[PDB]
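Student: Let me give you the complex in parts, starting here:
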Amino acid sequence: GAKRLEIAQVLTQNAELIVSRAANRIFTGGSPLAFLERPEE
Amino acid sequence: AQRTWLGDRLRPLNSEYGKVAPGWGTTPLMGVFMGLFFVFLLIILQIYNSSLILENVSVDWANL
Amino acid sequence: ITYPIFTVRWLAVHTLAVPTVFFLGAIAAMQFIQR
Amino acid sequence: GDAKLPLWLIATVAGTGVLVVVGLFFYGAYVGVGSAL
Amino acid sequence: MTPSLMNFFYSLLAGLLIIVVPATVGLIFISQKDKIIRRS
Amino acid sequence: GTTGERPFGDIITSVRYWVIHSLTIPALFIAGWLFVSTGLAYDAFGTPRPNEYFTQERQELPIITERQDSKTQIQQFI
Amino acid sequence: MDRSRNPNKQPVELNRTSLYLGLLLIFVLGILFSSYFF
């Protein structure tokens, strides 16, 4: 579980970048991550 | 919001607006193309002043 | 209480004062010499 | 340090130190290489 | 090589070597020593 | 308000400033005296001496005729 | 293909006293430059 938290502790701060890697291959006309309605603090 | 035949061929050229490269980006590629460009501007300013005069240039009215 | 000795302003005030009184010693000597 | 001395006193001797080096220049217009003498 | 090109080329040596690298090393190797504190 | 460093009325009030300025600002003053009493500013900077304007071969108020070379002419102008 | 109405075009608000500044400024440029046009 100490290793399993470290996998989440690499993915949680990298999740905002990883959708911009993901959505940029399936979407063309607009820079999509800005269209993401992220949950606010 | 009026669709034309014109505007359905350029809306993929103007579909996105704030899509942006990540943090600090391709800045120093643009920096080293700038520093090559300022040196190129500094060379041609003294080609024309005859202060980096070379052989067989002779910036003068003896020309073609 | 305690302040640092050298700072940016120690270099800001010495520049245009080290070439001031070295030039003030220059100009005060040139009137004593003559043609 | 506690060796502080009244500024006003050294306001004089820096001020007349300024006064003698601009008073020497107006002496220098009247003898020397630019005086036409 | 021409005697006015290399007299210009020695400037691009010296205007680099005196002005630029003692600005860059002369800024970033003192700002990285005196780092500001963000923890308040 | 404050800046972080020592104020100016706290500097000159300190006697440690005047031990390093009883022998230094006269020392930089006398170095300017020797820059011209030895005549080094005549040689290092390009100032003509006040006997060496006009030579026996030259009374004709020197100016630089040609921009392109401009370095053997001053040595010809002495 | 079909017209609409603009959600735009704010009007202009040149004041009474600001007319006097602009009318004077053209007339000093009138009495300055009319000699040079002759």
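Tutor: Done, it's in. Residues are numbered from 1 along each chain as shown, chains lettered A, B, ... in the order given.
Student: Closest residue of chain A to chain F?
Tutor: Here chain A gets closest to chain F at one residue, residue A:41, 34.5 Å apart by CB to the nearest CB. Backbone N, C-alpha and C define where each C-beta goes, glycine included.
Student: check which helix or strand covers that residue.
Tutor: If you go by DSSP states H and E, residue A:41 is not part of any helix or strand.
Student: got it, and residue F:28?
Tutor: Applying DSSP H and E as the criterion places residue F:28 in helix F:25-37.
Student: Also residue A:16?
Tutor: With DSSP H and E as criterion, residue A:16 is part of helix A:15-26.
Student: so how far is that helix off the chain centroid?
Tutor: 6 Å (CA atoms, centre = their mean, to the nearest Å).
Student: contacting residues around the closest residue to residue F:66 other than its chain neighbours?
Tutor: Counting by CB to CB, 6 or more residues apart in numbering or on different chains, residue F:66 lies nearest to residue F:73, which is 6.9 Å off, once chain neighbours are set aside. Counting by CB atoms under 8 Å, 6 or more residues apart in numbering or on different chains, residue F:73 touches F:64-66.
Student: try it again with 10 Å
Tutor: Contact partners of residue F:73, counting by CB atoms under 10 Å, 6 or more residues apart in numbering or on different chains, are F:62-66.
Student: Report the buried residues of the helix holding residue A:16.
Tutor: Residues residue A:20 are the ones in helix A:15-26 that count as buried (16 or more other CB atoms under 10 Å in any protein chain shown).
Student: one more chain, chain H:
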Amino acid sequence: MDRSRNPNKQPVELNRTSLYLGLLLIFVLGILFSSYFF
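Tutor: If we add chain H to the chains shown above, we get the following:
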């Protein structure tokens, strides 16, 4: 001796299409009379 406010001064109502008639009428008088001023 003391001022007041007018119970008067109706404003003017020159139409958009009536501008076109007046602008055309001056311009046909422009192209008519400019030969005679020369």
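Student: With chain H now part of the structure, what is the answer for the contacts of residue F:73?
Tutor: Contacts for residue F:73 (CB under 10 Å, 6+ apart) come out as F:62-66.
Student: tell me the SS of it?
Tutor: What DSSP: H, G, I helix; E, B strand; the rest coil gives for residue F:73 is helix.
Student: what separates it from residue F:62, distance-wise?
Tutor: The gap separating residue F:73 from residue F:62 is 9 Å, by CB to CB, to the nearest Å.
Student: how many other residues sit next to residue F:36?
Tutor: Residue F:36 sits with 19 neighbouring residues when counted by other CB atoms under 10 Å in any protein chain shown.
Student: And residue C:21, by the same measure?
Tutor: Counted with other CB under 10 Å, residue C:21 comes out at 19.
Student: Identify the residue nearest it in space, chain neighbours excluded?
Tutor: Take residue C:21 and drop its neighbours on the chain: the residue closest to it by CB to CB, 6+ apart is residue F:28, 5.0 Å away.
Student: Now the closest residue to chain B within chain A: closest residue in space that isn't a chain neighbour?
Tutor: When scored by CB to the nearest CB, chain A has residue A:31 as its residue closest to chain B, at 1.3 Å. Spatial nearest neighbour of residue A:31, excluding adjacent residues (CB to CB, 6+ apart): residue B:19 at 1.3 Å.
Student: residues in contact with the one you found?
Tutor: A:20, A:24, A:27, A:29-35.
Student: Which one of those is nearest to residue D:8?
Tutor: Of all the contacts of residue B:19, residue D:8 sits closest to residue A:34, with 65.7 Å by CB to CB.
Student: add chain I to what we have:
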Amino acid sequence: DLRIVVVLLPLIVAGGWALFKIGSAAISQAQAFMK
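Tutor: So that you can see how it sits with the rest, here is chain I on the chains above:
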């Protein structure tokens, strides 16, 4: 070129007084910011 030698001799006694009289506190200020 002996005359350049005598004119920098007040330049080097300027900094030569700067060594002995303050500089014990300067190395402690050079000990500052952990570098």
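Student: Please re-evaluate the neighbour count of residue F:36 in the presence of chain I.
Tutor: For residue F:36, the neighbour count with other CB under 10 Å is 20.
Student: what does residue B:52 give?
Tutor: Close neighbours of residue B:52, defined as other CB under 10 Å, add up to 20.
Student: which element is the closest residue to it other than its chain neighbours on?
Tutor: Nearest non-adjacent residue to residue B:52, counting by CB to CB, 6+ apart: residue B:46, 4.1 Å away. For residue B:46, the host element (DSSP H and E) is helix B:27-48.
Student: Check which helices and strands that helix is in contact with.
Tutor: For helix B:27-48, the helices and strands in contact under the criterion 3 or more CB pairs under 10 Å, 6 or more residues apart in numbering or on different chains; DSSP states H and E are helix E:5-15.
Student: residues making contact with the helix it packs on?
Tutor: Helix E:5-15 has contacts (CB under 10 Å, 6+ apart) with B:39, B:42-43, B:46, B:51-55, E:1-2.
Student: and that helix with helix B:27-48, angle?
Tutor: With axes from the mean of the first three to the mean of the last three CA atoms, to 10 degrees applied, the angle from helix E:5-15 to helix B:27-48 works out at 140 degrees.
Student: so what's residue G:6 up against?
Tutor: By CB under 10 Å, 6+ apart, the contact list for residue G:6 is empty.
Student: could you flag which of the contacts of helix E:5-15 are buried?
Tutor: Buried members of those, scored by 16+ other CB under 10 Å, are B:52-53.
Student: Looking at the contacts of helix E:5-15, point me to the pair that's furthest apart.
Tutor: Spatial extent of the contacts of helix E:5-15 (CB to CB) is set by the pair B:39 and B:55 at 21.1 Å.
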